[PDB]
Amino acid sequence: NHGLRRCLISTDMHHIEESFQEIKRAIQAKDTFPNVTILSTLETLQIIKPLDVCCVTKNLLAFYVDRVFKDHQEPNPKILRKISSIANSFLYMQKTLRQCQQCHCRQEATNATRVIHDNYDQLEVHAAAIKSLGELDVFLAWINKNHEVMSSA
């Protein structure tokens, strides 16, 4: 049913949000293409129906885990510790989502997702990874609006 919005309830948005707030300035300060958004799809209302939101959520989690987190090399240990915490949260969110799931990807959801990979691939890889990292607020806002998520805020 609409329950697909309950697959991340065990995730604590506040936890991720806080870890991110800690490095948000330092990471966003390195965004070399501010006039553009890698998560452009998440600034539109193209993905709002339950089934599409579930598909895009799992695609975005994989986008971060398999692409962003692999591509960003972080020499600052304090920043890396925060990003590890976020990464750990995302791994949990993927675990939770597995447990849940329907969640199939209709062609519109799939395309919405490819747009992001396509924007990402427009940039040099390290700039793409740090910029994506900087857009975590766009990702958290979208997750927040489309899922019953818990907050210890």
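In case it trips you up, residue 1 is the first one in the sequence shown, and so on.
Unmodelled residues of the deposited sequence between neighbouring positions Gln101 and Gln102 number 1 to 3. The stretch with the higher mean CA B factor, choosing between 41-49 and 103-111, is 103-111.
Stretch comparison (64-72 versus 27-35) by mean CA B-factor in the PDB entry places 27-35 on top.
The PDB entry assigns the greatest CA B-factor among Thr57, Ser84, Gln94, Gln122 to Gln122.
Per the PDB record, residue ranking by Cα B-factor puts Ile143 in the highest third of the chain.
Ranked by C-alpha B-factor against the other modelled residues of its chain, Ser10 falls in the middle third.
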